[PDB]
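Here the protein sequences come in this chain order: A and B. Residue numbers for the first sequence, in the authors' numbering: 309 to 332, 337 to 461, 465 to 528, 532 to 545. Residue numbers for the second sequence, in the authors' numbering: 308 to 329, 337 to 457, 470 to 527, 533 to 545. In this text, a Cβ means the ideal position worked out from N, Cα and C, and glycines have one as well.
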Amino acid sequence: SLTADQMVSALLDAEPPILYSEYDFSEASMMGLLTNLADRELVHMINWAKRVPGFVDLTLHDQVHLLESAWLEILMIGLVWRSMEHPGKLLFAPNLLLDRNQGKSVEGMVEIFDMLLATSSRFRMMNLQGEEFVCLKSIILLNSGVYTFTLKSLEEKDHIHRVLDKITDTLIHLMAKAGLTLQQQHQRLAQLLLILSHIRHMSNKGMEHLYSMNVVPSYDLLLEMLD
Amino acid sequence: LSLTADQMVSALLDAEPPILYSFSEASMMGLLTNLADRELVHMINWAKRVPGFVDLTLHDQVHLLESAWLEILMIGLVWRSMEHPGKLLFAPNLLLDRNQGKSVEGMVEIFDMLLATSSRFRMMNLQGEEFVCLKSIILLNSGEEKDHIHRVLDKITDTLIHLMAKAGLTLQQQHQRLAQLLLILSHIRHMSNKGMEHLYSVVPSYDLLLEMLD
Ligand SMILES: C[C@@H]1CCN(CCOc2ccc([C@@H]3c4ccc(O)cc4CC4(CC4)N3C(=O)c3ccccc3)cc2)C1
Ligand SMILES: C[C@@H]1CCN(CCOc2ccc([C@@H]3c4ccc(O)cc4CC4(CC4)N3C(=O)c3ccccc3)cc2)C1
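Here's what the structure looks like:
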């Protein structure tokens with residue numbers, strides 16, 4: 309029942325803070345820093361999820377399943393957003409800004425590194441606004457695991476698509492409030508959602524890369543933070 | 308790119324590839347691998363008729379096909395299997411259900427993902443005009471050159487909106503259904519990645540795709 313501006317305001321206030329890395337740089341300790349960073353970010357990510365409108369209306373089981381499917385996607389689009397204003401670099405933390413040459417120590421790391429840089433350049437070429445970013449991240453949370461889940468499950472898939480419908484209206488309204496014609500509204504909406512296909516592709520490579528090095535957050539852990 | 312929305316639909320509808328034709339578990343993957351191998355030629359023939367595709371360089375043409383070939387095979391399978399609930403219609407003489415995929419490690423996980431996609435198509439009542447547009451977007455989005475690809479992608483988006491507006495939908499329903507269609511592409515890319523992993527437990536070579544394009 310939230311208006312478009314009420315949906316934007318709720319998503320902007322639910323935004324998690326930018327976390328930092330340990331202060332006191338070696339390429340040998342890089343992965344320990346990034347693993348520790350992602351671990352701390354996940355706790356704030358679950359707090360943000362529980363404040364995306366309509367997310368806590370679902371059962372905890374489906375809340376867990378949605379985060380199981382989208383947690384790496386959400387970390388990646390967050391990284392890409394933080395790195396948007398720093399070409400050729402990924403801003404994992406304000407005190408942890410890495411270029412492509414430092415991502416060569418691990419085999420297969422640079423392939424995902426270049427993919428993350430390309431998405432960051434894509435966001436840059438579009439002048440993606442923060443209000444559109446929080447909408448795209450909310451879509452990732454609800455859509456990534458809605459096709460891989465009884466009448467209870469049918470009722471909740473219907474609710475997820477209802478919430479996704481409001482986020483779509485919110486994006487359209489944001490593009491209308493900004494002065495875009497109708498053709499530019501539908502075209503930019505399509506442009507944004509098509510990027511989500513590549514973020515999923517990046518997430519699938521990240522998962523594969525992490526398995527070649532306790533990779534996933536467990537069901538009981540995701541449930542413990544959610545509950 | 309100068310075509311109208313109605314001319315865009317007609318071009319894609321006539322470019323649709325034909326339905327190819329194809337008992338033990340070991341012979342099952344034999345038939346599936348053989349079927350996909352024969353379908354790739356007709357998929358490339360379909361790609362050449364997607365408006366704006368042949369304006370790309372041959373190098374970029376191949377790269378787009380390398381990137382999208384498994385997604386296009388899957389979304390065409392989901393479209394064929396749409397009115398066969400719980401089953402996957404690989405070929406008219408090759409209709410498989412869930413049980414026939416349990417004998418292979420990691421097959422039922424993907425079989426279920428394809429069936430969930432076909433179930434999503436039924437709930438939305440996807441039309442053939444929308445299907446050929448979703449297939450065209452997969453080809454151009456999966457992989470001067472980037473500017474032209476984005477112009478054709480924006481062209482297919484205009485054609486989709488035109489189809490929904492012609493069907494009497496309000497604008498709210500128009501951009502809602504557009505969003506629902508494009509969010510399925512994320513899951514299709516997911517299935518393609520999971521399918522690639524399962525198949526490697533494959534990829535058409537550059538030279539092979541180039542030969543098929545003349
Ligand atoms: C159960 C816990 C929860 C997951 N933990 C297990 C570790 O998973 C992780 C998850 C993420 C990252 C890291 C990281 C950190 C923060 C961020 O905002 C974003 C990212 C992004 C990224 C995946 C791309 N990453 C990379 O390093 C990396 C970048 C380029 C190419 C190769 C890799 C590290 C480890 C255990
Ligand atoms: C260069 C050549 C080009 C590809 N070749 C290498 C073989 O890759 C392939 C590609 C496709 C399939 C098959 C197939 C056939 C026709 C179709 O329309 C669709 C599909 C779909 C699919 C990938 C999902 N598949 C399945 O069986 C299968 C279904 C459920 C769960 C697990 C698997 C077989 C093998 C080499």
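Under 7 Å by beta carbon: chain A residues contacting residue i
i	result
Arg434(B)	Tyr459
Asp473(B)	Those do not exist, as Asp473(B) stays about 10 Å from chain A at its closest Cβ, beyond 7 Å.
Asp321(B)	Those do not exist, as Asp321(B) stays about 24 Å from chain A at its closest Cβ, beyond 7 Å.
Burial state of residue i (16 or more Cβ within 10 Å)
i	result
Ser456(B)	buried
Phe367(B)	buried
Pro325(B)	exposed
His513(B)	buried
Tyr537(A)	exposed
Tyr459(A)	buried
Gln498(A)	exposed
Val533(B)	exposed
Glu542(B)	exposed
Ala340(A)	exposed
Straight-line Cα distance separating residue j from residue i
i	j	result
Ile452(B)	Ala505(A)	12 Å
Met437(B)	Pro399(B)	12 Å
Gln375(B)	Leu319(B)	18 Å
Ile358(A)	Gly442(B)	40 Å
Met427(B)	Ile475(B)	29 Å
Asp484(A)	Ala382(A)	22 Å
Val392(A)	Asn348(A)	18 Å
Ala322(B)	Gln414(A)	47 Å
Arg477(A)	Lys449(B)	25 Å
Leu308(B)	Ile482(B)	10 Å
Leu327(A)	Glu353(A)	7 Å
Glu444(A)	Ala312(A)	12 Å
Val422(A)	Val446(A)	27 Å
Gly521(B)	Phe461(A)	18 Å
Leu345(B)	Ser329(B)	6 Å
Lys362(B)	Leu525(A)	38 Å
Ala493(A)	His501(A)	14 Å
Chain-ordered neighbours of residue i on chain A, where CB pairs are closer than 9 Å
i	result
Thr485(B)	Correct list: empty, because the minimum Cβ distance to chain A is about 11 Å.
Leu504(B)	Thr483, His501, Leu504, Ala505, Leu508
Cβ distance (whole Å) where residue i is taken to contact residue j below 8 Å
i	j	result
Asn439(A)	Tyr331(A)	About 33 Å; that fails the 8 Å criterion.
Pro535(B)	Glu380(B)	7 Å
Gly420(B)	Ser518(B)	Not a contact, Cβ separation roughly 15 Å.
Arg515(A)	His516(B)	5 Å
Residue i: contacting residues in chain A (beta-carbon distance under 8 Å)
i	result
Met427(B)	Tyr459, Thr460
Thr431(B)	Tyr459
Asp374(B)	Those within 8 Å of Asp374(B) in chain A number zero; the least Cβ separation is about 16 Å.
Under 7 Å by beta carbon: chain B residues contacting residue i
i	result
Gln498(A)	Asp484
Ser512(A)	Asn455, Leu511, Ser512, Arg515
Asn519(A)	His516, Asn519
Cross-chain neighbours of residue i in chain B, by beta carbon under 9 Å
i	result
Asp313(A)	Here the premise fails: no neighbours, minimum Cβ distance about 17 Å.
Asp480(A)	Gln498, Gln502, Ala505, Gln506
Q) Taking the runs of the alpha helix (DSSP H) that are 4 residues or longer, which of them lie wholly in the region 376-458 of chain A? A) 421-438, 442-455
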